[PDB]
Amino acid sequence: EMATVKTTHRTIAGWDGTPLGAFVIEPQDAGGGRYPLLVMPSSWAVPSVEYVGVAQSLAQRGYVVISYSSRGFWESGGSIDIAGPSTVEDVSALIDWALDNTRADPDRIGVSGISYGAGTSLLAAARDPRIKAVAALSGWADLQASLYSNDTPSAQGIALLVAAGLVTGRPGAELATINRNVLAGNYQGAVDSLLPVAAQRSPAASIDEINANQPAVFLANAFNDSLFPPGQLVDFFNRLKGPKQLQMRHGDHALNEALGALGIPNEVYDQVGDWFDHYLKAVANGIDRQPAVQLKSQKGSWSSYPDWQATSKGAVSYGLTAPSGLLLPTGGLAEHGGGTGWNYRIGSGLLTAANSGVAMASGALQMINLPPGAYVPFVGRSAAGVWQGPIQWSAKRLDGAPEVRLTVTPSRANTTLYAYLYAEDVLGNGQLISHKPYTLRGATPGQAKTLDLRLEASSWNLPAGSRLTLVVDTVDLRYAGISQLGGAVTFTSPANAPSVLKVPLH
């Protein structure tokens, strides 16, 4: 049965003596061996989000749990350093405190957190070989890849990082510099300020250290996370050599749940509990035999794979054909397989309906993104290339990351491209499955460049009556793109390197 637990608030010194506000949660046995230890850095102070409650529910499975506010948070001393070396070292300091002051088992230590605490936890697992298991929710592996994907600043990601920070605590120098840049609309400057110190804040840069330490790593993110897109997390997951599981879902806001305002359903920490129970309490619950990749579609049904490479088995290659039409020039997506030698010119810097997200209000703390639909017949063909596949007469499932190869010729040295994959119904209404930005800065005008874009991973049930539609344009409401009205982009498909969309259908 579940442990009765006692919760005590106290202040625990960090590595340098900085006082951290902590809830120490301890089973009451009593007679009465040691319990596995979980150290759990809380995340952003979003209203209604119950971090300590989540920690208590884990402790009730039979764990000592330390739920705490990182340096700089309201309840702690210090400054927020964006999961910098001090914040990460503090996890080790709290492990040491727990081993000396609670009935914690030094041989059975795990760490778990969400978002700020997820990145912190993974970094701690790289730096502290005592950690045997990690569960990181809605986190990152590569901070640069997350906020500056293909050299395109994620304006709404960066803005959200600032907004979340301002409700959570007192910024250190790095975050205050970001805040100052964002206030001016200077997203590129925000990025430039962070890049030199981003690698030490990125689990991906510590992949060898985590693999050496071989903790059991559980990752669970939303495909539509507003801060940290899935590709960078998948790439990290794929490189882990030890026990591991990746679960990806579509997020939505649940009401009256501990984590519903973060877009995380209660089922995630249910699975985390099972993960730790196996790896830290040797419970024979079969989690060791479960597939390493588990994906939940937008309709809420699960699929699974033994590894990420399996998602791409038998991917369909659609060749892009030359856009044609009297009124609405549109190309095809042609399975075996397309045209070469064509050219299609659009103007850069023009607005279209195809966007990754809506214009969003100053200070909003929405942690998942709900892309607007786009009516494909109103996507301006002088502003975008549009390629449509055939209407399906049977349901299909897309699981994985689509890839696009496209050759582009800019007339300006600076252009940003955006590729979007839509499920388009028979009437023309598109729901966005995936997208990716790509900035060409300092390109040679008039020189064709072949680009390989990997769109963000997704899991999507495509119903009978729908088709896949690719849109490529040059502006997006969520990114600080550098395209200029008056410039041009010409799409081509050279015989040597045809323009192709690869889609992982199942």
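In case it trips you up, residue 1 is the first one in the sequence shown, and so on.
Here the stretch with the larger average CA B-factor, out of 327-335 and 430-438, is 327-335. The PDB entry records a higher mean C-alpha B factor for 349-357 than for its counterpart among 76-84 and 349-357.
As recorded in the PDB entry, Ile391 shows the highest C-alpha B-factor of the residues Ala384, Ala413, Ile391, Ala419. Among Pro445, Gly481, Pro41, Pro463, the highest C-alpha B-factor in the deposited entry belongs to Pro463. Annotation for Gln294: CA B-factor lies in the lowest third of the chain's modelled residues. Among all modelled residues in its chain, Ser57 ranks in the middle third by Cα B-factor.
Residue-level temperature factors show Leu501 in the lowest third of its chain, judged at the C-alpha atom.
Ranked within its chain, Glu456 lands in the middle third, by CA B factor from the PDB record. Ranked by C-alpha B-factor against the other modelled residues of its chain, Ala495 falls in the highest third.
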